[PDB]
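Here is the structure we will look at, set down as structure tokens.
Each reported figure results from applying straightforward, stated rules to the coordinates on display, with no laboratory input. All Cβ positions, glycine included, derive from the backbone under ideal geometry; neighbour counts span all protein chains shown.
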Amino acid sequence: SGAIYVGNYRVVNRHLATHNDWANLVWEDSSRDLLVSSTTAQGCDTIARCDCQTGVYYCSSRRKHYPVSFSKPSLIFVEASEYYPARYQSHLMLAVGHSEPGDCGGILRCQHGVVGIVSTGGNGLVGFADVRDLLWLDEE
Ligand SMILES: COc1ccccc1[C@@H](O)CN1C[C@@H](C(N)=O)CC1=O
Ligand SMILES: [Zn+2]
């Protein structure tokens, strides 16, 4: 589990969204595994606006932050899980690292701010849903 809290927005994995998220929906995209809902309180996270390929992510199944090298956002084939069939997921970045299903939501960050959230995993790989192209998270 986990979310990004920027401005009056809450960014979560679409497959982990709650009823309150769906009832206060701003935007959702199944192909990216992302959903954004509105919040009453202002958040403290800042979004990175860069092309970094190195950063640090939080792994809840280890209680640890790991430094990682990650690929550029791309269209990657992801195996079937309990939330999606086997399919292509867009705007996804891969790294070598530990991930279990419940690690979804952990933040990946670089020197500029938040880069994305854990979205996929298995066999020593971890995939992150990028949010750096979502410029509207910084306003309105
Ligand atoms: C953190 O991901 C894992 C870690 C270890 C093993 C398996 C997984 C993934 O199958 C977990 N996922 C990925 C999500 C997606 N975006 O397709 C849906 C889902 O249930
Ligand atoms: Zn950066």
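Any idea what diffusion coefficient the chain gets from Stokes-Einstein, in µm²/s, Kirkwood Rh on alpha carbon pairs, 4 °C, 1.567 mPa s?
Working: Rh = 14.9 Å.
This corresponds to a translational diffusion coefficient of 87 µm²/s.
Just want the ordering: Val26, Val11, from fewest to most Cβ atoms lying within 10 Å of their own Cβ. If you can, show how the numbers build up before the last one.
Values: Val26 17, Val11 27.
Ranking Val26, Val11 by Cβ neighbours within 10 Å, fewest first, gives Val26, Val11.
Sort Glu79, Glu28, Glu140 so the one with the fewest other Cβ atoms within 10 Å of its own Cβ comes first.
Fewest-to-most Cβ neighbours within 10 Å comes out as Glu140, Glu79, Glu28.
Arrange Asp33, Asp130 by Cβ neighbour counts within 10 Å, fewest through most, would you?
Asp130, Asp33
Taking the Cβ-Cβ separation of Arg62 and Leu135 as r and a Förster radius of 25 Å, what is the calculated FRET efficiency to the nearest 0.05?
Efficiency, rounded to the nearest 0.05: 0.15.
Take every Cα pair under 8 Å in the stretch 3-44 that's 6+ residues apart, average their separations, divide by the length, and report that relative contact order as a whole percent. Each step should come with its number before you reach the end.
Working: 73 pairs, mean separation 20.6, N = 42.
With pairs under 8 Å counted, the relative contact order is 49 percent.
Give the distance, in whole Å, between the Cα centre of the stretch 2-45 and the Cα centre of the stretch 65-80.
21 Å
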